[PDB]
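Engineer: File data-v9.tsv below, TSV, C-alpha atoms:
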```tsv
chain	number	residue	atom	x	y	z
A	207	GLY	CA	-35.04	33.02	-18.54
A	208	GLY	CA	-33.57	34.63	-15.45
A	209	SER	CA	-37.18	35.35	-14.53
A	210	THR	CA	-37.73	32.04	-12.72
A	211	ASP	CA	-34.19	32.47	-11.42
A	212	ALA	CA	-35.46	34.71	-8.62
A	213	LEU	CA	-35.34	37.86	-10.75
A	214	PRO	CA	-33.37	40.75	-9.19
A	215	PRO	CA	-35.24	43.20	-6.92
A	216	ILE	CA	-33.33	46.16	-8.35
A	217	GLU	CA	-34.41	46.60	-11.97
A	218	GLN	CA	-32.45	48.90	-14.28
A	219	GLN	CA	-34.56	50.73	-16.86
A	220	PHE	CA	-33.24	53.25	-19.39
A	221	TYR	CA	-35.11	55.53	-21.78
A	222	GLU	CA	-33.70	57.88	-24.42
A	223	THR	CA	-35.33	61.31	-24.20
A	224	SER	CA	-34.58	65.04	-24.03
A	225	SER	CA	-34.80	67.33	-21.01
A	226	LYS	CA	-38.27	68.20	-22.31
A	227	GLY	CA	-39.24	64.94	-23.99
A	228	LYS	CA	-39.01	63.41	-20.53
A	229	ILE	CA	-41.99	65.45	-19.35
A	230	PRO	CA	-44.53	63.66	-21.59
A	231	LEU	CA	-42.61	60.39	-21.31
A	232	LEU	CA	-42.55	60.29	-17.50
A	233	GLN	CA	-46.27	61.00	-17.15
A	234	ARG	CA	-47.04	58.35	-19.76
A	235	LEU	CA	-45.03	55.77	-17.82
A	236	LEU	CA	-47.15	56.67	-14.79
A	237	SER	CA	-50.42	56.48	-16.71
A	238	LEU	CA	-49.64	53.07	-18.21
A	239	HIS	CA	-48.04	51.73	-15.03
A	240	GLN	CA	-50.21	53.59	-12.52
A	241	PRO	CA	-47.66	53.28	-9.68
A	242	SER	CA	-48.93	53.65	-6.11
A	243	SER	CA	-45.82	55.66	-5.25
A	244	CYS	CA	-43.33	57.13	-7.72
A	245	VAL	CA	-40.33	59.24	-6.69
A	246	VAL	CA	-38.92	61.41	-9.48
A	247	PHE	CA	-35.32	62.58	-9.15
A	248	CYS	CA	-34.37	66.20	-9.86
A	249	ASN	CA	-31.01	67.96	-10.08
A	250	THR	CA	-32.42	71.41	-9.32
A	251	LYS	CA	-35.66	73.17	-8.40
A	252	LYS	CA	-36.26	73.77	-12.10
A	253	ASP	CA	-36.65	70.12	-13.09
A	254	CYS	CA	-38.69	69.46	-9.95
A	255	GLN	CA	-41.01	72.29	-11.00
A	256	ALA	CA	-41.23	71.42	-14.69
A	257	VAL	CA	-42.23	67.86	-13.80
A	258	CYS	CA	-44.85	68.82	-11.22
A	259	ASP	CA	-46.08	71.48	-13.64
A	260	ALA	CA	-46.83	69.05	-16.47
A	261	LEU	CA	-48.30	66.50	-14.05
A	262	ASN	CA	-50.62	69.00	-12.37
A	263	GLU	CA	-51.48	70.32	-15.83
A	264	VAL	CA	-53.06	66.99	-16.79
A	265	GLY	CA	-54.37	66.39	-13.28
A	266	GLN	CA	-51.69	64.06	-11.93
A	267	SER	CA	-51.26	64.23	-8.16
A	268	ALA	CA	-47.62	65.21	-7.63
A	269	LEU	CA	-45.47	66.93	-5.01
A	270	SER	CA	-42.01	68.50	-4.76
A	271	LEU	CA	-39.52	67.70	-2.00
A	272	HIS	CA	-36.39	69.81	-1.50
A	273	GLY	CA	-33.76	69.98	1.23
A	274	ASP	CA	-33.69	73.75	1.65
A	275	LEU	CA	-37.48	73.76	2.06
A	276	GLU	CA	-39.26	74.55	5.33
A	277	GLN	CA	-39.84	71.78	7.87
A	278	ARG	CA	-43.59	72.13	7.41
A	279	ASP	CA	-43.40	71.64	3.64
A	280	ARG	CA	-40.95	68.78	4.15
A	281	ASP	CA	-43.17	66.90	6.61
A	282	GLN	CA	-46.29	67.79	4.63
A	283	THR	CA	-44.61	66.53	1.46
A	284	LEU	CA	-43.11	63.41	3.02
A	285	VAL	CA	-46.42	62.43	4.63
A	286	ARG	CA	-48.37	63.13	1.44
A	287	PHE	CA	-46.24	60.56	-0.39
A	288	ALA	CA	-45.78	58.12	2.50
A	289	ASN	CA	-49.51	58.19	3.25
A	290	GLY	CA	-50.24	57.71	-0.44
A	291	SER	CA	-52.04	61.03	-0.81
A	292	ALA	CA	-50.00	61.70	-3.94
A	293	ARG	CA	-48.78	59.77	-6.99
A	294	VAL	CA	-45.47	61.34	-8.04
A	295	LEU	CA	-43.02	62.94	-5.61
A	296	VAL	CA	-40.22	64.91	-7.26
A	297	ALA	CA	-37.36	65.12	-4.76
A	298	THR	CA	-33.60	65.67	-4.92
A	299	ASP	CA	-30.69	63.50	-3.78
A	300	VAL	CA	-30.33	65.78	-0.75
A	301	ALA	CA	-34.08	65.90	-0.14
A	302	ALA	CA	-34.80	62.18	-0.42
A	303	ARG	CA	-31.61	61.30	1.46
A	304	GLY	CA	-32.37	58.15	3.44
A	305	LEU	CA	-35.85	59.57	3.95
A	306	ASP	CA	-38.79	57.52	5.24
A	307	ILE	CA	-39.21	55.24	2.22
A	308	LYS	CA	-38.81	51.46	2.03
A	309	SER	CA	-41.50	50.40	-0.45
A	310	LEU	CA	-41.19	52.73	-3.44
A	311	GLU	CA	-43.21	51.54	-6.44
A	312	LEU	CA	-40.90	53.22	-8.95
A	313	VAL	CA	-37.91	55.58	-8.95
A	314	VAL	CA	-37.71	57.89	-11.97
A	315	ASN	CA	-34.37	59.61	-12.55
A	316	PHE	CA	-34.64	62.89	-14.46
A	317	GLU	CA	-30.95	62.48	-15.27
A	318	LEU	CA	-27.97	60.24	-14.52
A	319	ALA	CA	-26.85	60.69	-10.92
A	320	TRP	CA	-23.44	62.06	-9.96
A	321	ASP	CA	-21.89	58.66	-9.28
A	322	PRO	CA	-22.61	55.01	-10.19
A	323	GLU	CA	-23.10	54.18	-6.51
A	324	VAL	CA	-25.72	56.77	-5.57
A	325	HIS	CA	-27.72	55.80	-8.67
A	326	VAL	CA	-28.15	52.20	-7.49
A	327	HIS	CA	-28.15	53.35	-3.87
A	328	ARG	CA	-31.29	55.44	-4.40
A	329	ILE	CA	-33.38	52.55	-5.72
A	330	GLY	CA	-31.48	50.04	-3.59
A	331	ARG	CA	-32.38	51.91	-0.41
A	332	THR	CA	-35.92	52.88	-1.41
A	333	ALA	CA	-36.62	49.21	-2.10
A	334	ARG	CA	-34.99	45.78	-2.42
A	335	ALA	CA	-37.65	43.44	-3.80
A	336	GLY	CA	-39.00	42.25	-7.14
A	337	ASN	CA	-42.20	44.30	-7.20
A	338	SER	CA	-40.16	47.31	-6.08
A	339	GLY	CA	-36.65	48.54	-6.82
A	340	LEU	CA	-37.48	50.10	-10.18
A	341	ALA	CA	-35.13	52.71	-11.63
A	342	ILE	CA	-35.86	54.59	-14.85
A	343	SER	CA	-33.27	57.11	-16.03
A	344	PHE	CA	-34.56	59.64	-18.56
A	345	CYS	CA	-31.86	61.04	-20.86
A	346	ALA	CA	-30.60	60.83	-24.44
A	347	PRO	CA	-28.29	57.95	-25.45
A	348	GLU	CA	-25.40	60.40	-25.17
A	349	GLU	CA	-25.10	59.54	-21.48
A	350	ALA	CA	-25.21	55.84	-22.32
A	351	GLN	CA	-21.60	55.65	-21.15
A	352	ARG	CA	-22.80	56.30	-17.60
A	353	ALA	CA	-25.34	53.48	-17.83
A	354	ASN	CA	-22.78	51.21	-19.48
A	355	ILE	CA	-20.45	51.21	-16.48
A	356	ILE	CA	-23.32	51.38	-13.99
A	357	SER	CA	-24.85	48.22	-15.45
A	358	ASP	CA	-21.47	46.48	-15.67
A	359	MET	CA	-20.45	47.12	-12.06
A	360	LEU	CA	-23.90	45.81	-11.11
A	361	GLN	CA	-23.32	42.66	-13.17
A	362	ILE	CA	-26.61	43.32	-14.97
A	363	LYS	CA	-27.95	44.67	-18.26
A	364	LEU	CA	-30.05	47.73	-19.11
A	365	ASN	CA	-33.24	47.73	-21.18
A	366	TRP	CA	-32.80	50.83	-23.34
A	367	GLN	CA	-36.43	51.44	-24.30
A	368	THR	CA	-37.31	53.98	-26.98
A	369	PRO	CA	-40.16	56.53	-26.67
A	370	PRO	CA	-43.45	55.88	-28.51
A	371	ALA	CA	-44.78	57.95	-31.41
A	372	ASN	CA	-48.03	59.30	-29.96
A	373	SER	CA	-49.01	59.89	-26.33
A	374	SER	CA	-52.05	58.86	-24.29
A	375	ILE	CA	-51.14	60.50	-20.99
A	376	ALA	CA	-53.71	59.90	-18.25
A	377	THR	CA	-54.69	61.38	-14.89
A	378	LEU	CA	-53.54	59.62	-11.72
A	379	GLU	CA	-55.94	60.07	-8.81
A	380	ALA	CA	-54.77	59.80	-5.20
A	381	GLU	CA	-56.08	57.00	-2.98
A	382	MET	CA	-55.54	58.67	0.39
A	383	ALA	CA	-55.13	62.13	1.92
A	384	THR	CA	-52.94	63.31	4.80
A	385	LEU	CA	-54.24	65.72	7.43
A	386	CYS	CA	-51.85	68.41	8.65
A	387	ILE	CA	-53.06	68.85	12.23
A	388	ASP	CA	-51.74	71.63	14.45
A	389	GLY	CA	-51.69	69.38	17.50
A	390	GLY	CA	-48.32	67.66	17.54
A	391	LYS	CA	-46.76	66.46	20.79
A	392	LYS	CA	-48.05	69.68	22.33
A	393	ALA	CA	-51.57	68.28	21.96
A	394	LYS	CA	-50.44	64.96	23.43
A	395	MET	CA	-50.31	63.21	20.05
A	396	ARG	CA	-49.32	59.56	20.48
A	397	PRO	CA	-48.85	56.71	17.97
A	398	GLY	CA	-52.41	55.45	18.28
A	399	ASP	CA	-54.38	58.16	20.07
A	400	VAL	CA	-55.03	60.16	16.90
A	401	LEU	CA	-56.79	57.07	15.56
A	402	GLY	CA	-59.48	57.42	18.21
A	403	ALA	CA	-59.96	61.07	17.31
A	404	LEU	CA	-60.91	60.20	13.73
A	405	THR	CA	-62.50	56.84	14.53
A	406	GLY	CA	-64.36	58.38	17.45
A	407	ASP	CA	-64.83	62.12	17.03
A	408	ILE	CA	-65.21	62.11	13.24
A	409	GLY	CA	-66.51	58.61	12.59
A	410	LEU	CA	-63.89	57.03	10.34
A	411	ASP	CA	-62.95	53.35	10.04
A	412	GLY	CA	-59.54	51.71	10.24
A	413	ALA	CA	-59.88	50.73	6.58
A	414	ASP	CA	-60.01	54.40	5.59
A	415	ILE	CA	-57.49	55.59	8.18
A	416	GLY	CA	-53.88	55.44	7.04
A	417	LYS	CA	-50.49	56.20	8.58
A	418	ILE	CA	-49.85	58.98	11.10
A	419	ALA	CA	-46.70	61.09	11.38
A	420	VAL	CA	-46.41	62.68	14.82
A	421	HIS	CA	-43.95	65.48	15.59
A	422	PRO	CA	-42.94	67.82	18.44
A	423	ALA	CA	-44.57	70.64	16.48
A	424	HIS	CA	-47.52	69.11	14.64
A	425	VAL	CA	-49.13	65.78	13.74
A	426	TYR	CA	-50.20	64.29	10.41
A	427	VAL	CA	-52.91	61.67	9.93
A	428	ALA	CA	-53.74	59.95	6.64
A	429	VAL	CA	-57.35	59.31	5.60
A	430	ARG	CA	-58.94	57.62	2.59
A	431	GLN	CA	-60.70	59.92	0.13
A	432	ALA	CA	-63.90	58.24	1.32
A	433	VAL	CA	-63.48	60.18	4.56
A	434	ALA	CA	-60.71	62.59	3.60
A	435	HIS	CA	-62.84	65.58	2.60
A	436	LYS	CA	-65.00	64.74	5.62
A	437	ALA	CA	-62.24	64.27	8.20
A	438	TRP	CA	-61.00	67.83	7.62
A	439	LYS	CA	-64.56	69.16	7.45
A	440	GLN	CA	-65.45	67.54	10.77
A	441	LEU	CA	-62.24	68.40	12.61
A	442	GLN	CA	-62.80	71.99	11.47
A	443	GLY	CA	-65.47	72.25	14.15
A	444	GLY	CA	-64.24	69.43	16.35
A	445	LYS	CA	-61.00	68.54	18.12
A	446	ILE	CA	-58.54	65.72	18.82
A	447	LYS	CA	-58.37	64.36	22.37
A	448	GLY	CA	-60.38	67.34	23.58
A	449	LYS	CA	-57.91	69.75	22.00
A	450	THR	CA	-58.98	72.31	19.40
A	451	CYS	CA	-56.42	72.07	16.60
A	452	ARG	CA	-56.19	73.02	12.92
A	453	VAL	CA	-56.32	70.31	10.25
A	454	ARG	CA	-55.33	70.54	6.58
A	455	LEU	CA	-56.11	67.87	3.98
A	456	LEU	CA	-53.07	67.47	1.73
A	457	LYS	CA	-54.34	67.60	-1.85
```
Turn this file's structure into structure tokens for me.
Structural biologist:
Amino acid sequence: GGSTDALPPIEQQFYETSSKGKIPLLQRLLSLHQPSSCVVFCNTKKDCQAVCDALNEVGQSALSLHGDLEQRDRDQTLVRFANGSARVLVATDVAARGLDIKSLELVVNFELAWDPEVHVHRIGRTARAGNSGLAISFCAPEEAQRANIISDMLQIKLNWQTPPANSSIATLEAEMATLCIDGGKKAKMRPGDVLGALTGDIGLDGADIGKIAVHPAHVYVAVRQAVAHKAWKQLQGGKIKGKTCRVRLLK
């Protein structure tokens, strides 16, 4: 029906599960969907840890993003997800606050947000298209009241999907890999120069090379797995723009 009617970019998905039942459920949704970039919401460090724990346990590339974390971890975590070096990034409302994301593949909500606005704001800001703008809140039907008003104010309906019996969780493998270089602006890192360092000093191609996050302290450069393990290996004994720096491939 509405499908042909230019379906809405912001989809509202709801799943009934427990604080623990969400662990196996979330991963499953990522194994069956295989999203290029999924941002899981967490209320506290606990949830963020529990999620990443289960994911890493099976072999799912995940990463945590907090607001009280160190700049390094923040940039290293933001680049790992933005560059596509990871699969699931568990961040908080304060951590993923208007961050650098405008093409999220899916936004998983560990639990109903604080307000009906933020909830839609998260997915609404992260994306605003059909392919994107996916929001999946994991929580028992007890909080249905929150989704009832949230869906009403949005003039839309929610697809309360129930969890399956068994579980065929899979392992999501990264497609890229960021490189935490210790060059930064100090090493004269410009939006394009770093490219020559990898596509000139290392021997990588533009197809493998990804995004590059430059900073006044350090610089990050993405690289396809095809040349990820190599980029870091080469740089180890090389240098960018004639400057000996330290690289670190974000797993």
Engineer: As a short mmCIF file (atom, residue, chain, number, x, y, z; two decimals) with C-alpha atoms, keeping the file's coordinate frame, please: the residues near residue 408 in chain A (cut-off 10 Å, all atoms listed in the file, same-chain neighbours under 4 positions excluded).
Structural biologist:
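Full text of result_35.cif as output:
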```cif
data_model
loop_
_atom_site.label_atom_id
_atom_site.label_comp_id
_atom_site.auth_asym_id
_atom_site.auth_seq_id
_atom_site.Cartn_x
_atom_site.Cartn_y
_atom_site.Cartn_z
CA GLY A 402 -59.48 57.42 18.21
CA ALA A 403 -59.96 61.07 17.31
CA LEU A 404 -60.91 60.20 13.73
CA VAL A 433 -63.48 60.18 4.56
CA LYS A 436 -65.00 64.74 5.62
CA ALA A 437 -62.24 64.27 8.20
CA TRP A 438 -61.00 67.83 7.62
CA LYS A 439 -64.56 69.16 7.45
CA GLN A 440 -65.45 67.54 10.77
CA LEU A 441 -62.24 68.40 12.61
CA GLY A 444 -64.24 69.43 16.35
CA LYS A 445 -61.00 68.54 18.12
CA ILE A 446 -58.54 65.72 18.82
#
```
Engineer: Which one is closest to residue 301 in chain A: A:417, A:252, A:328, A:272? Count all atoms listed in the file.
Structural biologist: A:272
Engineer: Would you mind reading off the distance between CA of residue 242 in chain A and CA of residue 270 in chain A, one decimal, in Å?
Structural biologist: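 Here the two named atoms are 16.4 Å from each other.
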Engineer: Rounded to one decimal in Å, what is the spacing between CA of residue 258 in chain A and CA of residue 271 in chain A?
Structural biologist: 10.7 Å
Engineer: Go ahead and compute the interatomic distance for CA of residue 428 in chain A and CA of residue 456 in chain A, in Å to one decimal.
Structural biologist: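 We find that CA of residue 428 in chain A and CA of residue 456 in chain A lie 9.0 Å from each other.
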Engineer: Choose the residue, out of A:317, A:210, A:434, A:282, that has the smallest atom-to-atom separation from residue 411 in chain A; count all atoms listed in the file.
Structural biologist: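 Of all the options, A:434 lies closest to residue 411 in chain A.
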Engineer: Which one is closest to residue 302 in chain A: A:284, A:376, A:319, A:341? Count only C-alpha atoms.
Structural biologist: A:284
Engineer: Excluding residue 316 in chain A and any residue of its chain fewer than 4 positions from it, enumerate the residues within 6 Å of it, using all atoms listed in the file, and give them as an mmCIF file with C-alpha atoms, in the coordinates of the input.
Structural biologist:
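The new file out.cif reads:
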```cif
data_model
loop_
_atom_site.group_PDB
_atom_site.id
_atom_site.type_symbol
_atom_site.label_atom_id
_atom_site.label_comp_id
_atom_site.auth_asym_id
_atom_site.auth_seq_id
_atom_site.Cartn_x
_atom_site.Cartn_y
_atom_site.Cartn_z
ATOM 1 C CA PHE A 247 -35.320 62.580 -9.150
ATOM 2 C CA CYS A 248 -34.370 66.200 -9.860
ATOM 3 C CA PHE A 344 -34.560 59.640 -18.560
#
```
